Amino acid sequence: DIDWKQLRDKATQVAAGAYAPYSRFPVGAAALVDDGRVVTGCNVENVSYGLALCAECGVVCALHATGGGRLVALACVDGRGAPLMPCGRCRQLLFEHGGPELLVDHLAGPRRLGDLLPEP
Amino acid sequence: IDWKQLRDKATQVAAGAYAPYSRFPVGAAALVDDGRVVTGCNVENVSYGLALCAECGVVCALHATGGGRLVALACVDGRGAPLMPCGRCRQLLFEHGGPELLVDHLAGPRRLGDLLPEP
Amino acid sequence: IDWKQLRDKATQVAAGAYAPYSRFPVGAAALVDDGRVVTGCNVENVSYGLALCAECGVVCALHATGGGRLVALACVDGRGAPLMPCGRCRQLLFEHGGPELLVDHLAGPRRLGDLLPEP
Amino acid sequence: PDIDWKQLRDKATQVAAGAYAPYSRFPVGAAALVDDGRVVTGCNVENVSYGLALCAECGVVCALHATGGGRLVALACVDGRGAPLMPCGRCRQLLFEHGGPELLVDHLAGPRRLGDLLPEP
Ligand SMILES: [Zn+2]
Ligand SMILES: [Zn+2]
Ligand SMILES: [Zn+2]
Ligand SMILES: [Zn+2]
């Protein structure tokens, strides 16, 4: 059963590792895997902008580097801990590993990935 | 640099590879200038252009575990052979490793500065 | 909005598709707000993460031909059936078309705003 | 074809004026000679999600295939002031697929082979 406060705290903590000197907008993310472990990532920008990696990219990389599984929940936050909605690219990434019932943290209550990326 | 340890770690992480479209798993391990080792494996996607290389995982893990500069990288395929990073990954690595980063290669490691001239 | 013309131009351009890795060719055509039509096809790469969707070609062509906003898009597969853009491409299109951009679909076109909510 | 470097730079310079780069403010234009003689062009297109940015060379490669394919023979990439630029690593890998090691890239001293810009690809 999803501990949203754990996920947000983890996403806020990992945001400190963000490499975002171009945007000056650090982002952290934390996701609950179906075995119950949490994987994290932070954004990593590049001088060639189109090589930039979103925090959710880090999450999916760590998912598999730590043995795989399915994503159940995700929190993405700015430096100040405000929830953020994944970009379109990240919605497609996350859909591969979590499907439509993956929950994404949002101030009003979580959103299902299926609603954030219809007709996947 | 402990090349055997980096190769061992890259081989270990390659078992987690998510590569059902290419069926070409890859594992990568890098030494950070503070002594720690960070790892990644490739993660493909039905939209091919969203695929992440093992090296993208290494760079993500570098920063999620507190940043630093990369000193040495070993990438390995499923046969156990060293793999040269693709161009995208060379550019990625250059940002965090510069030209003196060493990449595992048969016979002896190569400098990233030679792999990506005029960066 | 001549959906027939957009679909035929998308089918035409799809014959130029470079998709030897997936064997899944895609063509796309978009009406720009000044009435002209810009096109693209998919272009894959041995490094899968470097693959370009047809819609990336549309967006590149939009700007290389002087810019504008996108009004309507048709994407087609090998059978000439409409395809929904991947999420990356939805974000791409949103930058240049916003929520009212129409995307061809069986039975009737869909708004980008519904395909990519909370943009 | 005989490579007309002047044509390729002029064409890259022209297309650079259409670059969509409101996040970096670093516009880039590119023009490539295809093996059938035609020139294809591209400019960079950035995105609010930085990692969705497309390089001028991505435009070049999309245009190549939208216009019937072939192999790239020469490329000129220019900044907003018309000065030559070297493609980024991603773009070297892209271009390698469509031009191989003998693709020439414009550079102030004289062109460079992609083979030298991307060894052991
Ligand atoms: Zn994203
Ligand atoms: Zn790579
Ligand atoms: Zn796409
Ligand atoms: Zn590039």
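Just so we're on the same page: letters track the sequence lines, and every chain starts at 1.
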Engineer: Mind checking the CD-CD spacing from A:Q92 to C:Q91? Nearest 0.5 Å is all I need.
Structural biologist: 12.5 Å
Engineer: Say you draw a straight line from CG of A:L117 to CG of C:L116; how long is it, rounded to the nearest 0.5 Å?
Structural biologist: 7.5 Å
Engineer: Looking only at heavy atoms, what is the nearest atom pair of A:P118 and C:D114, with distance?
Structural biologist: CG-O, 3.2 Å
Engineer: Going by side chain to side chain donor-acceptor pair (under 3.5 Å), name the pairs with one or both residues in residues 53-62 of chain A, residues two or more places apart or in two chains.
Structural biologist: none
Engineer: Closest heavy-atom contact between C:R90 and A:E119?
Structural biologist: NH2-O, 3.0 Å
Engineer: Going by the rule side chain to side chain contact (heavy atoms under 4.5 Å, CB included), which residues pair with C:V13 if we only count those two or more places apart in sequence or in a different chain?
Structural biologist: C:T39, C:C41, D:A66
Engineer: Atom CG in C:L92, atom CZ in A:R89: separation rounded to 0.5 Å?
Structural biologist: 10.5 Å
Engineer: Pick from A:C87, A:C90, A:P120: which one has the most heavy-atom pairs with chain C under 4.5 Å?
Structural biologist: A:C87
